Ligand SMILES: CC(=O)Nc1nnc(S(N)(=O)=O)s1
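Take a look at this single chain in structure tokens; it is the form solved without the named molecule.
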């Protein structure tokens, strides 16, 4: 395994690649479906048949379809993010996962193939109350046990991203099994603020199903993996 995520994003190792095309993000909100507890974190699932919903530009050769998005977090506000910036970790991290619709026939096989997925990573930090996030925070009480679902209405994932879209990018892997190295990571440089009360609600979920011992959902992040010999390109000077 020589391309594992996450990594400590260090400025001293990043190189500005001016030839990076702008990143075009446009998601079809009406394709949102359900929110569910996976046993690890909670995901928000979308209908990826709508080729219109997805991502392109940046370091991608073509358009990648939005499949789902999840978050990672810790037992306290001091830690929880998977990536670190200069060795600094944030209380949480959102992951928008998109798949290669031209190279792969479906998401299952994109997930494990070379250049099969493209994931945007957004750090979350404490600050102001975040309006759009609240739509999700609001249904968490119905998805406390593993494998449990809730229906979701229209939700636009772009509303979770920051205004400043500067990012770093590098070839990596999934941070969950099987840890396939099928991912083009697009880590946004600027974090979005959420309130502690919103973030607190996240630690209310459980790793356990119903009937089992109460096993709280916290510290669902993978430890830092070394860059090895990877080119960590920045889209900003």
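Residue numbers count along the first chain shown, from 1.
Keep in mind that the form deposited with the named molecule bound is not shown, yet the notes after this line are about it.
- Contact with the named molecule in the deposited complex holds for none of 60, 100 and 102, as no heavy atom of theirs lies within 4.5 Å.
- Shown alone here, residue 176 lies within 4.5 Å of the named molecule in the deposited complex, counting heavy atoms only.
- Although the partner is absent from this view, residue 70 contacts the named molecule in the deposited complex, with a non-hydrogen atom inside 4.5 angstroms.
- Residue 111 belongs to the set of residues with a heavy atom inside 4.5 Å of the named molecule in the deposited complex.
- Within 4.5 Å of any heavy atom of the named molecule in the deposited complex lies no heavy atom of residue 92.
- Just one of 143, 122, 136, 117 comes within 4.5 Å of the named molecule in the deposited complex, counting any heavy atom, and that one is 117.
- Note on the interface: of 48-56, 62-70, 198-206, 23-31, the segment with non-hydrogen atoms within 4.5 angstroms of the named molecule in the deposited complex is 62-70.
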